[PDB]
Structures are given as structure tokens and as C-alpha cells.
Amino acid sequence: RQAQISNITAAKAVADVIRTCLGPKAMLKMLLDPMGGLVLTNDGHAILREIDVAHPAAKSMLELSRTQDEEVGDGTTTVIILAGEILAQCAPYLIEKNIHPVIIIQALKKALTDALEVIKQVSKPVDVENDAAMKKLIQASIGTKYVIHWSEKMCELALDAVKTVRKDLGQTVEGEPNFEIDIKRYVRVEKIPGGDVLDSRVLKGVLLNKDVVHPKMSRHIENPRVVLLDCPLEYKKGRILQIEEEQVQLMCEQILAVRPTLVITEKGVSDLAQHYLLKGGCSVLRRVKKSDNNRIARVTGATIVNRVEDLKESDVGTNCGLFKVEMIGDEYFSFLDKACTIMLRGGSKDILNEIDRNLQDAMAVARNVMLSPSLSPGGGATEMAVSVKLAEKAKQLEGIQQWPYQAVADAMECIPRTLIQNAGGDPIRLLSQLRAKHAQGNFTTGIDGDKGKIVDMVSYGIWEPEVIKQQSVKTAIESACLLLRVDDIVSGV
Amino acid sequence: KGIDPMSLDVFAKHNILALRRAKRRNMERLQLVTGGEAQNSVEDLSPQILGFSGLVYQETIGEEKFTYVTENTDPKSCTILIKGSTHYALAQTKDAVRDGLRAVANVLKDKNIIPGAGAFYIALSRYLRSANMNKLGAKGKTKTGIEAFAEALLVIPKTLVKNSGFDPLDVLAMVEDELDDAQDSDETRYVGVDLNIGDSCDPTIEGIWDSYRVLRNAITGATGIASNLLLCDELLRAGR
Amino acid sequence: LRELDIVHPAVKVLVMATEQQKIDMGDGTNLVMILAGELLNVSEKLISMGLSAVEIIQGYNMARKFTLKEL
Amino acid sequence: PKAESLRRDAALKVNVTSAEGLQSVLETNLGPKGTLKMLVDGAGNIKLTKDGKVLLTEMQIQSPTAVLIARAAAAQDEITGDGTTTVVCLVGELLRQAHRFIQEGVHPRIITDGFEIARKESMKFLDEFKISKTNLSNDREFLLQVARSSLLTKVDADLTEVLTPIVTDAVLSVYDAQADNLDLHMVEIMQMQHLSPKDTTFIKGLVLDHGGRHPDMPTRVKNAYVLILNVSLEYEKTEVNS
């Protein structure tokens, strides 16, 4: 039983620090570094990352926060408090009451299913095609930030970025894709220095920063022909200049058989091959990455070919609008316009770095709406509404599975409790009236963060997507069953 | 560059002052002060390149000798020479010059000025106290923060008289009694604390003024920093 | 004072003031040390009485101008 | 049954106590009637100044509470340039007045929220209380009294009358006509030893350090010609080896 206590002690001591980090009114934290520095930021991600821990239970919460941030952009402290309170509420049952841990784990599996059903009942429908409705959603990650002034332009960049990746289809044959969108590879932003944020547009295609091998080239091509290749064009290896100039010309003549208007070489391009393809009316781009060829083949359609003599006749330049050598910001660009490219602009490098983390968290809220047209009330409304429904279902729950079940109902009230403690109101008086409010009034009545008195969400909606509530409850049960599964501690190799 | 001693005797008959071993940074400063361009070659020297200067007199000191390029038509560059016997005399005066030139420059750039000697702190502390009861548009619990902020500004006039040895409570009653009589008289009268005499004073007649940009960010800056100290929930120490 | 290493800050004031007497004149090395040393001794009665050291400095400035004018 | 009892408030009282000892030391130099602090690095260096930022950069702060106070005064000198100690006095003293409310159970958020409301109301009173000064150059007489605010603070006031015409005439000389800007870098600050502090005088132009040494050099010249030459007038050598 000594290791079971350490799992509770190590998990609570780390989670207790970030209990005050939840909400817009969250209090600041001070972390003194051994080198003499301090951390003034209240973000739970930057605090616990710099805190060195010993017991492995704290390291499990660090990897859980990194995985949770890849799904949702906000609500990092919500998952830690919810997953840490369930273990804290099971402390008297597992230790004092001598309840077997598998009985608790078995009860958390059935409580996870009922928890997801209550969220779907209190959820409200939302139109994903309405551009005006999506502005009030992303606004949760907009306000109290530098992007509040450009929010009108920021929402246009966030919505138009996921429209290219998303695919809307359904049927009973191939199933439902559930609107799978990849923000990482396709929606990856590209920060270009200079320009203006108002001029930032969503570019559909791929972008490359490498310049053109020749200074003077055609600024636009009517029908661009894209040809992809692997092996570079150079004199091969087993009076001399006559053979070297002829060998390169023969390798370039095979490409000119179809007379392409553009030449793309994966490896470097020698100076001998640049003069032969210059008079042919085609641009040559040296040093093209291999990972880009997969994305370039989608915006173009050129088949990947290794040897220069293996080029297939099926290669065409279709599905390419224009080719622009135009220079923006003293840097030569290339415009080849399921995958778009986000072009970010600003007045300095510090502006681009701030928009980066802000736009990623802005699109994470819009992405969660695409997984399903449902929203949940914030400010502790959904957290308390579930706890009220958990106590009503206990009438059929008689048997040993009922005792660990009560630890979940008290854990759902911990999220609104931390907001009241940071608000300054009486936590006993407000939580008692809030729990009785759901038993009579509607489930949509939450708690205001600025005031701290029970109010209806009709005034200020603060509508969070269901994915935030889903992943918070799902990962909390998995984290609770993770520490309860390990009853022993053994060190050494 | 250097000058041989053989030419010093020829230059002395014509009463020409010769200099050598000059800093490269001070050479470019003379182009702005005097206006004459630097002559790279004597064969290209022209009479229009030379400039004009005022009275030039060389002070006689055994340790060093100074040359004054001063008294120019449009020099547009000043110089402040700090004199002192010891090390601390030069360092203490240097800080007063750096802070003295910037305080005057802020008056020319920023057309707004504020009186000192606690004129702004006493007037703002009394105004916010009586205005909170007439407005009542914030909250009942907010009165604690407003009353604490008004009493926090009174430490400045109490500190100025604390080092002088005067009673901070006696000088406070004389200021509050004057503001009550000047309010009902329907006029504008500025009140300030006189450190030498100990009674009140008029900051416009006494000539005590502060810059507007200094006190604008002083109240706003100290508010956010002092608030963040109360926002600290727990003090963590790692590696010790 | 040159052969001895001066450390304490209140002592450095009299030592740096002694070097000020070395320049511009060759006399008064013992005058500046005894006079400035006694001014601090007579000021002890003002400190224990409760008088702040700020007005004590201002009192010597008014007496210095009256002394130099009478010389 | 684990524990949940108090937020314990103790880490907050330590932060307030650390600010009380910091203000109590720094409040002695406030105003012209204040005291002059001395710093010793152990090697014999002495720097006498009442400025807040200059002192804090020479000392190390172990407590993390006073670190934010010293870093706050650094941004004040880069913007305001004056009253760095006054800002520090407002941070620590405000915690003492709020300490009475903390022991009574008042939540610190309402204490901080009430400060932002009073700060916005102070900006409205600041616009009515401020007085606009004309850009006209006839204010030189009025600028003499304004310049004494910074001068009388850092000195015993015996040297203020000497430095009063120097500081006033230095700013208005480089000031461009028709309400233009000025350059503080154009005013040079130099120092020298073996002189009395009362002999400090104003320098209109540029002064040179190393002078010419010769008994027959002219003592004073009413008007002279200025020449800047890069050619060496001393003995030179042949460009080629000989």
C-alpha cells in the first residue's frame, strides 16, 4: 500500500500547483529557477515543463499534457485537475475503505460511457457552414490577445485554411470519415517577413523559397508544364570539354522532346545544363526537397520519375493556374497555385512568432467544431451539469460498483470549484446553489468568471466545442486507470 | 597625426597653434560643429573649405592643455565638462546631468506638464475618495480597492517630510484644510508641500514641475507590478 | 594613508579628501583630518537628541558661507 | 484523508514582507531632502547616486519577489527616465495597505480589480489636471525652475546655481526651430580631476583633450581659421625601401 499512496501524493502535488491556472482570472505563478531566474507566466504548459520531478507519476502527467495539446489548443489545466481529482476522491476508498483497484477501474469504464451520454444531451447544435457563427467560436482564443484587432481577418485565414483539407461525404458503404482534417502537414503555416496582416491571404498550393537559376524569366506562363525528376543533369562517370558539353546536352534533349515550359530538378543543377534549357523557354529550379515532391505531385500531377530517360508520356502540366517569379519581401518566390498554404505577413519577426502560436490555437477551436456540429456551455456549466446527472442514475447502481462511482460525481464539481476560489466568492454557498439549480432549472446555467455570481449563459454564451469536453473526460479516466494499475515501485536495471 | 618639433619653431613665429594625436571620433564631430569638410590632400585644398570660429584661448595647466573649438555660428552640438577633485564628485554629478537633460527635453517634446511636491498625489487621492461615493457604479467590494489605492498615494508627501524630520501628520492636516476652503470658493488653487518651511506652498509660484510622461507611466506601471505580487499563489523553489 | 589600505567607506571619504589637500597646496593635511573629524563628534549630540542628519548638513552649509565671508 | 484546509496565504505574506524591507531602504533617497546612498564593490569603487535603476544594477537580488520590482524600474528609465524610486515606493507601500484586507479574508483579485478601475478613473482626472505648455522659446525663464526639480534632488543644492545655466542652455541650444525634435547624443559629457566642483562651466562647442605643447603658442585668438587635414606634417618615410 506504500506505492499506492505515493501515486496519489505525486499526482496531487503536481496538479495542486496548476489549480489556480484555470480561467481568465487565473492567478499568476512564480517558479524560481536554480540559476536565479523566475517565470512570471501563468500558463500551465510552460510551468510544469521546467519543473524537474522524481516520482514517475508526475512524468505521466507531463506526457499527457503534450498529447492533449495536439488535439485541443486550450484547456490544458482542465484535464490535469479532472484527472487528478478522480484519484484524490478515490483515496479514502482505495486506502481507508480497502476497495480493490480493479473494482474502481471497472467502475470508471462504465462511468466513462454514461459521462459521454450526458454531454451529448446538454450539447446544442451549430451550423458549420455559417461564417458569422464561426467568428464567435474562435473568438474564445482571440480576445485578451494581440490578434483581437485583426480577428476579422484572422477568422478568414483560419476558416479558409481547413476548407481545402476537409472532405464532406457520407454513405453506408465506405462509412463516415467524420471530417478528418490534418493541420500538421497540410495546414502548416509559412511565415514571410514584411508586408501587412491585412494583405495575408490563403494560398491553395505549395510554396518554395528557392529562387530561379536565371535573373530574367517570364513572370507568367499561359500553360505551365511541370516535370518532376530525381537524377540531376550532369556529366556522368564511368577534347574533354567537348564530351562534357555534349553529354549534358543529350540528357537535356530527352526532356525537351515534349517541350516543357518548366523544369524541376530534385538535386543540384550544373551550370552546363542551365544554358541549354535557357533558350528552350523553361525555368529550372535546383535543389528541390524529396518530401516536397509528394505535395508538388498533388498540385501538379507529374509522375515521380527517377532516371531522366524514364520520364513517362503521361506527364502533363494540367491543373496549374499560373507561375509567378514575382518577388515579395526581397526574396524570390514561386507560385504553383486537398492542401493549401498559409502565407503570414507582419511588421517584424516578433509579430510573426506571436501570430504563429495564436493562429494554431485559433484553428484548433475551429477544427473541433468540424468533428461534429455540437457545442457545450463553458464556465463550469457542463462540468456541474454532468455531476447532477450522475447522482440520479445511482438508483440502479446498487452493488459494489456504486462506491467508486460516487468519486466521479464529486470530481466533476472540482472544475467549477477552482473558478470560484479564483473569483473570491464563497465556494460552499455557490456550489450548493449551483447543484440544486440543475435539479430544477435548465442545465445551461453556468458560472461567470468576471463576476462570480450564478447567471444564465444567454447573456454571455462562451460556447466551447464538445471535443474539449470529450477528450477531457476520456483522458481523465485513462489517466486515473493508469496510476491505479501500477501498485508497486521497483527501481534499478 | 604627429608633428615634428622642427616645424613647431616655424609655426610659433606665425602664432599658429599646432595639435596632434586626436581621437578619430572627435574628428567627425568637427565637421558638424564647424561645417568645414575634411581635406584629404593638400594639393586639393581650397579657401572655401576652411570654416570660421570664435574666441579661441588655451588654458594653461601643467598636466593637460585644452583647445576650444567653441563659439561657432551653427555648431548644433553642446558639451558639458564636469569638474571635481575626487572620484565620487564626478560620478554623482554625471547622474544629475543625464537625468537633468532628459527632464528638460521632455518639456519641449511633450507640451503637457505636471506640478510636483506631491501636488498630483494629494489631489488624486482626495478626488478618488469622494467620487466613489457619488458614482457607486462599480461594486460594493470594490470600495476596498479604491480606498486602499487612495491611501497608498499619501506615502509620497509623508516620505518627503519624514527625512526632513517634520511631523507627517501635522503637515497633512494643513493641506486637507486648504483643499476644503478652495473647493467651496469656486476657483482653481494648486496646493503643495513646502519642504524648507514646513507649511503648504503654491507649486506655480515655487516653480516645482514634473514631466507628464514621467507620472503617466508611474501610476500605471506601479499598478500592474504591485498587482502581480498579490496574484502569486505559491512560491516554488527548484534545485535547492 | 598611502601606505595603509583603506577599506571602510566612511574612512575613504577622509582619505580622498586628504589627497585633495595634497594638490594645490602643501599644508593642511592634519587640518582637514582633525576639523572634519570633530564635526562628526559634535554632531553626536544632535543625533541622540533626535535631530535628523538632513537638517544637520543644511546647518553647516549656512555656517560655511558665513565663515568663508568673514575670513 | 489527504488534506485540504487552507491556501495558507503564507507565500503572499513573505512577498509583502520582502517588499517592505526594500522600500524602507530606498525611501531614504526620495526628494531633495533625502539621503545619498553609497555602494562599495570591494575593490574600492564608490558610486553616489539617488537613482533607483543605477543602484539596483550594482546589487544582486536573491529573493524572487524584489526581482520583478528591479526589472520594472528598468523599463521606467527607458521610457519615463525619472522617478524610478517613486515607482518602487508605490509598489511596496500598496502591499502594506492591502495587508490589512488580506487578513480579513478579502480575495486578492478584487483588490487588484479595484486598482485597474481606479487607474482608469485616474487617467480621466489626469487629462483635466495636466497643463499644456507652449513651445515658444520665451519659456527659458520658466524652464529654470523646472530644471531645478532634477538638480536639487541629486546634490546638496550648493552646486545647483552653478549647474542651472549649464543644463538649461544645453537643451535649448540644440533645439531646432519651428517645433522640431532634439538630439541628446549631440551633448557631450566629460570629466576631469584636480579641480573644484564650483568651477564647472558651460561649453558651447566641442573641447579637445590633448593640446599642443610649446611656450610660444598664442594664449588667446579672437578669430581663427579652421582646417581639417589628414596629411601628416611630421617626418615621413619613403614609400619604397631605400
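Residues numbered from 1 in each chain as written, not as in the entry; some residues may be left out. Chains lettered and ligands numbered in written order. Part of a larger assembly, values for the part shown. Heavy atoms only, no water.

What the entry reports as its method is cryo-EM, with 4.69 Å given for the resolution.

### Brief notes about the interface of chain D and chain B
Facing the 139 residues of chain D at the interface are 138 residues of chain B. Taken over both partners, the interface formed by chain D and chain B buries close to 13700 Å², and the fraction arising from carbon and sulfur atoms is 66%. Considering only the side of chain D, the residues that lose the most area to chain B are D:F129, D:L206 and D:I228, jointly responsible for 6% of the buried surface there. Along the contact surface separating chain D from chain B lie 6 salt bridges. For D:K154, the salt bridge identified is with B:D99, shortest N-O distance 2.8 Å. Counting residues per element, the side of chain D that touches chain B draws most heavily on helix α5 (residues 108–129) of chain D, which supplies 17 residues. Counted by class, the side of chain D that touches chain B contains 73 nonpolar, 40 polar and 26 charged residues. (Contact = heavy atoms within 4.5 Å. Buried area = accessible area lost by both parts, 1.4 Å probe. Salt bridge = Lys/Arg side-chain N within 4 Å of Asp/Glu carboxyl O. Helix = DSSP H or I, 4+ residues; strand = E, 2+ residues; numbered from the N terminus. Nonpolar A, V, L, I, M, F, W, Y, C, P; charged D, E, K, R; others polar.)

### Description of the pairing of strand β4 (residues 188–192) of chain D
Because side chains alternate across β4(D), one face comprises the buried residues D:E188, D:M190 and D:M192, and the other comprises D:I189 and D:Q191, none of which is buried. Across 5 bridges, strand β4 (residues 79–83) of chain B lies against β4(D) in parallel orientation. What sits directly across from B:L81, in β4(D), is D:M190. (Buried < 20%, exposed > 50% of the residue type's maximum accessible area, 1.4 Å probe, protein only. Pairing = 2+ DSSP bridges.)

### Re the interface of chain D and chain C
Contacts between the two partners involve 10 residues from chain D, matched on the other side by 10 residues from chain C. Interface of chain D and chain C: buried area, both sides summed, is about 840 Å²; carbon and sulfur atoms make up 59% of it. On inspection of chain D and its partner chain C, the count reaches 1 salt bridge. One salt bridge connects D:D158 with C:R64, and the closest N-O pair in it is separated by 2.5 Å. Across the contact surface, chain D and chain C share 2 residue pairs in polar contact. (Polar contact = N/O pair within 3.5 Å; in protein donor to acceptor, adjacent residues only side chain to side chain.)

### Remarks on a positive patch on the surface
Taken together, the side chains of A:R429, A:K451, A:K453, B:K139 and B:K141 present a region of like positive charge at the surface. Mapping B:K141 onto the fold places it in the loop between α4 (119–135) and α5 (142–152). A relative accessible area of 45% means that B:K141 is categorised as partly exposed. (Patch = residues over 30% accessible without salt bridge, like charges linked within 9 Å, V, L, I, M, F, W, Y side chains within 5 Å. Areas by Shrake-Rupley, 256 points an atom, 1.4 Å probe, with all protein chains shown as cover. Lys, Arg positive; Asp, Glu negative; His and termini not counted. Charge placed at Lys NZ, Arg CZ, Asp CG, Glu CD.)

### Some thoughts on the arrangement of the chains
Among the 5 pairs of chains in contact, the pair with the most contacts is chains B and D. Separated without contact, chain A and chain C have their nearest C-alpha atoms at a distance of 29 Å.

### Some thoughts on helix α17 (residues 466–485) of chain A
The end-to-end C-alpha separation of α17(A) is 29 Å, in line with the 28 Å expected for 20 residues at 1.5 Å each. Burial runs high along α17(A): 15 of the 20 residues are buried. (Expected span 1.5 Å × (residues − 1).)

### Focus on unusual backbone geometry
All names here are of chain A. Positive phi values are uncommon outside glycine, yet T144 reaches one of about 60 degrees. Relative to the elements of secondary structure, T144 occurs in the loop between α7 (131–138) and α8 (151–165). You will see that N178, though not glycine, has its phi angle at about 60 degrees, which is positive. Assignment of secondary structure puts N178 in the loop between α8 and β4 (189–191).

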